[PDB]
There are 4 protein chains.
Amino acid sequence: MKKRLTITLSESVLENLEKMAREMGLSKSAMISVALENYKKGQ
Amino acid sequence: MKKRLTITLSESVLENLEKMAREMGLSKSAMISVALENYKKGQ
Amino acid sequence: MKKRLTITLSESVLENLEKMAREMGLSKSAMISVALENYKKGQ
Amino acid sequence: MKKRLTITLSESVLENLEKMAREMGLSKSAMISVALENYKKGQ
DNA sequence: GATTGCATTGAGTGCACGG
DNA sequence: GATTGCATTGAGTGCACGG
């Protein structure tokens with residue numbers, strides 16, 4: 001059910017990822033997953 | 001300075017990552033980066 | 001930064017947790033974390 | 001039939017789990033269960 | 001830039017060859 | 001019902017003693 005993948009991100013977008021996941025106590029993989037879902041929704 | 005990140009995503013979330021990316025004419029890294037900056041906005 | 005804890009939940013709330021985390025490709029620990037955060041916010 | 005679940009939470013998210021729980025006069029399991037049913041609502 | 005195999009440590013990540 | 005130590009496998013969970 002889980003697949004790996006390597007992405008490239010802006011040194012500033014990644015630094016932001018950090019903070020966000022941190023306050024939400026999430027992993028980047030989870031924060032990303034949350035954000036992806038989120039976005040999908042708002043679409 | 002751009003940096004790389006190896007993450008793990010749920011097949012279903014990945015599948016939809018692809019879908020959304022195609023339709024937005026962006027790469028996964030790009031899509032993810034959008035959604036990420038988006039969530040930060042939505043608050 | 002991470003701490004363990006054992007909770008007790010309704011057979012129906014847990015069954016729901018399942019679905020939700022599943023579609024969001026999240027762990028319960030993550031889904032719960034998301035939901036907790038969420039709630040905090042709406043407060 | 002009620003069931004048990006051992007989860008892992010980020011200290012900061014746990015700390016705020018406690019805060020919110022106290023103030024709502026509920027147990028963590030209870031709080032978590034609320035928030036969980038809540039998110040499902042918010043959609 | 002991207003995909004992946006090798007590797008490790010509490011799946012999610014790093015690293016680097018091969019593209 | 002809750003906390004925790006023991007245990008395992010891709011931290012997040014199960015299991016069960018002790019409460």
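Excluded from the calculations below are hydrogen atoms, water molecules and symmetry mates; all remaining heavy atoms, backbone and side chain alike, are included. Letters A, B, ... mirror the listed sequences (proteins, then strands); counts begin at 1.
Note on A/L5: a base of the nucleic acid sits closer than 4.0 angstrom, heavy atoms only.
With sequence neighbours excluded, the residues forming a side chain to side chain donor-acceptor pair (under 3.5 Å) with A/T6 are B/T6, listed by chain and number. C/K19 pairs by the side chain to side chain donor-acceptor pair (under 3.5 Å) definition with nothing, not counting sequence neighbours.
Side-chain contact between A/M24 and D/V13 is absent, with no heavy atoms from C-beta onward closer than 4.5 Å.
Straight-line distance between the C1' atoms of E/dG5 and F/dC17: roughly 43 Å, to the nearest whole Å. Atom name P, nucleotides F/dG12 and E/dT13: the rounded distance is 10 Å, in whole Å. Comparing the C1' positions of F/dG14 and F/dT8 gives an interatomic distance of 9 Å, to the nearest angstrom.
Sorted by first and then second residue, the salt bridge (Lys or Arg N to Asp or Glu O under 4.0 Å) pairs involving residues 5-16 of chain C (not counting sequence neighbours) form an empty list.
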Pairing annotation in dot-bracket form, given for DNA chain F with Watson-Crick or G-U pairs under 3.5 Å and | for cross-strand partners
...((((.(.).))))...
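Closest to the B/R4 side chain, of the nucleotides E/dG12, E/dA16, F/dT3, is E/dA16.
From B/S10, atom OG reaches atom CG of B/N16 across 11.5 Å, with rounding to the nearest 0.5 Å. Rounding to the nearest 0.5 Å places CD1 of A/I7 at 7.5 Å from CG of A/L17.
Looking only at distances, a side-chain donor or acceptor of A/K2 sits under 3.5 Å from a matching main-chain atom of C/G25.
Taken residue by residue, residues 7-28 of chain A places heavy atoms nearer than 4.0 Å to DNA chain E at A/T8, A/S27, A/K28.
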Show me the side-chain donor-acceptor pairs of residues 35-43 of chain A shorter than 3.5 Å, one per line, residues at least two apart or across chains.
none

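Across the interface with DNA chain E, nearest-nucleotide mapping of B/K2 and A/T6 shows B/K2 to be the residue nearer the 5′ end.
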